[PDB]
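Chemist: The structure under discussion is supplied below as structure tokens; questions concerning it will follow.
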Amino acid sequence: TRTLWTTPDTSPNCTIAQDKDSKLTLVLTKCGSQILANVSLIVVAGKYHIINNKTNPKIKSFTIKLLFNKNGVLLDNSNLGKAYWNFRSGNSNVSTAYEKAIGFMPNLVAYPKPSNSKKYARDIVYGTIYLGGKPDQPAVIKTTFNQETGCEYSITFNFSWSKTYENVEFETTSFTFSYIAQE
Amino acid sequence: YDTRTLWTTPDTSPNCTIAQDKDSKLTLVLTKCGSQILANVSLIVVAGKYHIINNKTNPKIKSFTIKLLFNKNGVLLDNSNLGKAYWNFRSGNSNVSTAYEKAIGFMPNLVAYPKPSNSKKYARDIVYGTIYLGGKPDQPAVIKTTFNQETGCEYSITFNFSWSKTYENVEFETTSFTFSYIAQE
Amino acid sequence: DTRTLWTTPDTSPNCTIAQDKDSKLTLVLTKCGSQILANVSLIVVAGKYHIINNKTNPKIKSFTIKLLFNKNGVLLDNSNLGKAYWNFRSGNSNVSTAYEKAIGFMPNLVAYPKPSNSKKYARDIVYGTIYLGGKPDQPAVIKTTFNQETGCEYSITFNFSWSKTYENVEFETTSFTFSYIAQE
Ligand SMILES: CC(=O)N[C@H]1[C@H](O[C@@H]2[C@H](O[C@]3(C(=O)O)C[C@H](O)[C@@H](NC(C)=O)[C@H]([C@H](O)[C@H](O)CO)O3)[C@@H](O)[C@H](O[C@H]3[C@H](O)[C@@H](O)[C@H](O)O[C@@H]3CO)O[C@@H]2CO)O[C@H](CO)[C@H](O)[C@@H]1O[C@@H]1O[C@H](CO)[C@H](O)[C@H](O[C@]2(C(=O)O)C[C@H](O)[C@@H](NC(C)=O)[C@H]([C@H](O)[C@H](O)CO)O2)[C@H]1O
Ligand SMILES: [Zn+2]
Ligand SMILES: [Zn+2]
Ligand SMILES: [Zn+2]
């Protein structure tokens with residue numbers, strides 16, 4: 183119960199543009215007041231599988247959203263499928279869907295929901311990953327905490343790029359970050 | 181009472197003095213994972229010289245430093261830029277009621293990161309990161325973190341913020357950055 | 182379980198890049214359950230990579246440091262890092278017994294498979310940038326790859342490279358933090 187994850191296999195678990203077009207590998211490990219997070223993405227099919235910005239000059243970003251309720255349970259409007267998200271058991275998941283994971287949620291005082299008051303940038307973490315592990319193929323992973331509606335907590339990953347890629351498969355190196363835990 | 185986390189609390193109440201009294205909120209969380217401290221930092225400037233950057237008007241305003249100085253018990257010294265009043269071990273979203281007296285296990289390791297001396301100075305006591313002003317991807321600024329290089333203390337953690345772009349009316353409030361360092365014990 | 186496996190934090194050379202004991206690799210691995218929190222820096226003290234001059238030697242642009250492990254997570258003798266002071270922490274030194282088992286500190290084989298003819302995914306790589314002499318205008322890239330070496334059950338390799346034309350620049354670095362998924 184110290185780690186929530188997607189099993190680190192390559193079986194698609196995520197829907198960006200079409201059903202099960204991607205494998206998000208996300209590992210959240212609770213180190214007390216902070217969650218240590220490790221993320222990568224493999225797009226296996228559909229619109230975002232092979233990037234060609236000569237053909238499609240405006241296809242330059244997409245977003246994967248994890249939406250959680252008050253008990254830290256994943257909501258079905260999330261891009262990541264519910265069947266694929268649970269506490270670790272060996273290299274797999276527990277057979278039983280978890281009921282509570284509030285200790286893994288992003289802190290609401292650190293990262294408040296949208297309101298009429300001033301919005302601060304500290305609810306964002308920026309990182310760069312590399313497509314196909316090539317050092318000349320950067321893309322930005324923007325991670326934002328608790329900025330989605332229709333939920334109590336959220337983690338969203340926005341992937342974007344500024345270079346003009348021609349026939350580049352969207353599968354990434356890994357990135358580590360952390361965030362302040364709710365409890 | 182959370183003895184594994186020293187922090188500023190996660191509120192936005194100013195706790196730090198860069199150019200003038202309580203002109204900023206340094207949000208800093210140090211979580212002890214044994215021999216390493218996992219650190220998470222961001223900064224919100226609310227007033228004074230570093231609140232609104234305009235390098236067309238002020239071409240020389242390009243950097244500033246926030247210093248955390250610690251005595252032999254890991255207690256924050258009052259000449260630090262960070263205030264002592266809300267730097268403490270965690271209790272919920274606030275702090276423990278009494279000011280802590282020992283935090284040596286959170287201090288940067290003196291063999292990894294020695295104080296200045298006649299011995300060769302090595303770069304491993306620095307960590308560089310980039311954060312983004314206002315969360316905008318075209319507004320980078322560098323955060324340079326240095327361990328145990330200040331005099332007049334047993335330990336130190338200093339944050340130097342700097343930028344190279346000519347920003348015009350850009351508020352200095354940052355995205356968050358995570359790093360770690362080797363603990364003293 | 183909560184332990185630290187490390188090189189010790191001293192500056193005594195422990196690593197062989199081009200010639201024997203030409204460098205100090207400072208590496209600290211801390212187990213936080215299913216992830217290992219890693220902290221790394223490098224000091225080259227002698228040999229080919231100590232002082233970089235790309236005006237006189239423009240092709241000297243990269244080098245690799247490898248840690249090879251057996252089925253029990255024990256460091257192999259043919260790694261660039263020496264076995265003598267790679268062990269579990271005790272104060273600012275090591276435990277007096279060389280460790281027998283560290284499978285919990287090894288990179289997860291499903292996340293990061295050994296080389297095979299299956300597709301090689303990029304998720305077994307982490308890129309970072311460190312700075313030579315602590316100077317902000319002297320970046321070098323540290324590319325870390327998991328379980329891509331043969332003749333071992335697990336591996337961590339550090340490739341250091343740079344694109345700037347450095348002139349008489351000493352190769353000693355700032356520190357970088359990353360994590361990886363643990364085997365157990
Ligand atoms: C990478 C690059 O080209 N940077 C140059 C920048 O170019 C702009 C875009 O780069 C950014 C940006 O907007 O600033 C870089 C951000 O980090 C990115 N944000 C994130 C979250 O990753 C950001 C985003 O990717 C984009 O904005 C998208 O949102 O990009 C660059 O992408 C863009 O490139 C394309 C464009 O995409 C295309 O559309 C177009 O067709 O072609 C352009 C090419 O122009 O261009 C943007 C500019 O219009 O521009 C700035 C000035 O505006 C600089 O030139 C910058 O390069 C740097 O300049 C400084 C001096 O001014 C130094 O030379 C920097 O080199 C280093 C060095 O010395 O080696 C790098 C070191 O890592 C750094 N050290 C540390 C510790 O951080 C040092 C140090 O800062 C200085 O030495 C001071 O001590 O600087 C050099 O990178
Ligand atoms: Zn394909
Ligand atoms: Zn303001
Ligand atoms: Zn030297």
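Chains C, B and A are the protein sequences, given in the same order. 183 is the number of the first residue of the first sequence in PDB author numbering; add one for each residue after it. 181 is the number of the first residue of the second sequence in PDB author numbering; add one for each residue after it. 182 is the number of the first residue of the third sequence in PDB author numbering; add one for each residue after it. Just so it is clear, CB atoms sit at the ideal spot from N, CA and C, and this is done for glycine as well.
Please report whether the beta-carbon of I284 of chain A lies at a distance below 7 Å from any beta-carbon of chain C.
Modeler: Taking Cβ atoms only, chain C never reaches closer than 7 Å to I284 of chain A, which makes this a no.
Chemist: Determine the DSSP secondary structure at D201 of chain C, reduced to helix, strand or coil.
Modeler: It is coil, neither helix nor strand.
Chemist: Any idea what DSSP makes of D305 of chain C, helix, strand or coil?
Modeler: Three-state result, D305 of chain C: helix.
Chemist: With a CB to CB cut of under 6 Å and the five nearest residues on each side skipped, what residues in its chain are close to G309 of chain A?
Modeler: Answer for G309 of chain A: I323 and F357, listed in chain order.
Chemist: Given a threshold of 16 other Cβ atoms within 10 Å of its Cβ, counted over all protein chains shown, does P296 of chain B qualify as buried or as exposed?
Modeler: It is exposed - the Cβ of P296 of chain B has fewer than 16 other Cβ atoms within 10 Å.
Chemist: Relative to the C-alpha of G254 of chain A, which candidate in A:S344, A:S336, A:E353 and A:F341 has its C-alpha closest?
Modeler: For the residues A:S344, A:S336, A:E353 and A:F341, the minimum Cα distance to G254 of chain A belongs to A:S336.
Chemist: Kindly give me the distance between the Cβ atoms of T185 of chain C and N195 of chain C, rounded to whole angstroms, as I take these residues to be in contact under 8 Å.
Modeler: Between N195 of chain C and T185 of chain C the Cβ distance is about 16 Å, and since that is not below 8 Å, they are no contact.
Chemist: Looking only at its own chain, which residues have a Cβ that is under 8 Å from the Cβ of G285 of chain B, when we skip the five neighbours before and after it?
Modeler: Only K212, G254, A363, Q364 and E365 meet the Cβ criterion.
Chemist: Applying a beta-carbon distance threshold of less than 7 Å, which residues of chain B neighbour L218 of chain C?
Modeler: The contacting residues are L218.
Chemist: Please state the DSSP three-state secondary structure of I246 of chain B.
Modeler: In the structure shown, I246 of chain B sits in a strand (DSSP, three-state: E or B).
Chemist: Hey, could you find the ends of the beta strand (DSSP E) residue 153 of chain C is sitting in?
Modeler: There is no way to answer for residue 153 of chain C, as the model of chain C reaches only from 183 to 365.
Chemist: For a contact defined as C-beta to C-beta under 7 Å, what are the partners of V209 of chain A on chain B?
Modeler: Residues of chain B passing the Cβ test: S215, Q216 and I362.
Chemist: From the beta carbon of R304 of chain C, is the nearest beta carbon of chain A less than 7 Å away?
Modeler: Not one chain A Cβ lies under 7 Å of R304 of chain C.
Chemist: Please confirm whether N268 of chain A has its beta-carbon closer than 7 Å to some beta-carbon of chain C.
Modeler: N268 of chain A does not count as touching chain C.
Chemist: Who's in the neighbourhood of ligand 3, going by beta-carbon under 6 Å from any heavy atom, listed in chain order?
Modeler: This selection yields B:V226, B:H231 and B:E351.
Chemist: Can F244 of chain A and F327 of chain A be called in contact, C-beta distance under 7 Å?
Modeler: Going by C-beta atoms, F244 of chain A is not nearer than 7 Å to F327 of chain A.
Chemist: Just to confirm the assignment, what range does the beta strand (DSSP E) spanning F269 of chain A have?
Modeler: First-last of the beta strand (DSSP E) with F269 of chain A: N268 to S271.
Chemist: Helix or strand or just coil, what does DSSP make of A265 of chain C?
Modeler: Helix.
Chemist: Go to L218 of chain B, then tell me how far its beta strand (DSSP E) extends in each direction, as first and last residue.
Modeler: Its beta strand (DSSP E) spans residues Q216 to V225.
Chemist: Mapping the DSSP letters down to three states, classify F352 of chain C as helix, strand or coil.
Modeler: Here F352 of chain C sits in coil by DSSP.
Chemist: What residue range does the beta strand (DSSP E) around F359 of chain C cover?
Modeler: Note, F359 of chain C: beta strand (DSSP E), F357 to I362.
Chemist: Does chain C have any CB closer than 7 Å to the CB of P194 of chain B?
Modeler: Chain C, which has no Cβ nearer than 7 Å to the Cβ of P194 of chain B, makes this no.
Chemist: Can you list, in chain order, the residues of its chain with a C-beta nearer than 6 Å to that of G228 of chain A? Leave out the 5 residues immediately preceding and following it.
Modeler: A199, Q200 and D203.
Chemist: Does DSSP put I284 of chain C in a helix, in a strand, or in coil?
Modeler: Looking at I284 of chain C - three-state DSSP - the assignment turns out to be helix.
Chemist: Looking at the C-beta of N273 of chain C, does it have a partner C-beta in chain A at a distance below 7 Å?
Modeler: For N273 of chain C, the answer is yes, since a Cβ of chain A falls inside 7 Å of its Cβ.
Chemist: Give the straight-line distance between the Cα atoms of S277 of chain C and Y266 of chain C, rounded to the nearest whole angstrom.
Modeler: The straight-line gap from Cα to Cα measures roughly 11 Å.
Chemist: Could you name the residues that DSSP lists as bridge partners for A321 of chain C?
Modeler: Looking at the DSSP assignment, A321 of chain C forms a beta bridge with C:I311.
Chemist: Quick one: is the Cβ of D318 of chain B within less than 6 Å of any heavy atom of ligand 1?
Modeler: Because some heavy atom of ligand 1 lies under 6 Å away, the Cβ of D318 of chain B counts as near it: yes.
Chemist: Determine the extent of the beta strand (DSSP E) in which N234 of chain A is found, giving its start and end residues.
Modeler: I232 to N234 is the span of the beta strand (DSSP E), which, as asked, contains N234 of chain A.
Chemist: How close, in whole Å, do the beta carbons of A219 of chain A and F359 of chain A come, if the pair is a contact with beta carbons under 8 Å?
Modeler: Right, the Cβ-Cβ distance comes to about 5 Å (below 8 Å), so this counts as a contact.
Chemist: Using the DSSP secondary-structure output, state which residues sit across from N275 of chain C in a beta bridge.
Modeler: C:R270, per the DSSP bridge assignment.
Chemist: I'd like to check one pair, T354 of chain A with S215 of chain A: are the Cβ atoms closer than 7 Å?
Modeler: Going by C-beta atoms, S215 of chain A is not nearer than 7 Å to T354 of chain A.
Chemist: Give me the Cβ distance between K242 of chain B and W343 of chain B, rounded to the nearest whole Å; I'm assuming they're in contact under 8 Å.
Modeler: With a Cβ gap of about 6 Å, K242 of chain B and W343 of chain B count as contacting.
Chemist: Give the residues of chain A in contact with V307 of chain B, contact being defined as C-beta atoms less than 8 Å apart.
Modeler: The contacting residues are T355, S356, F357 and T358.
Chemist: Would you grab the beta carbon distance between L249 of chain A and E330 of chain A for me? Rounded to a whole angstrom, and I think it's under 8 Å.
Modeler: The Cβ separation is near 6 Å, so the contact holds.
Chemist: In the DSSP assignment, what residue or residues form a beta bridge with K252 of chain C?
Modeler: None, per the DSSP bridge assignment.
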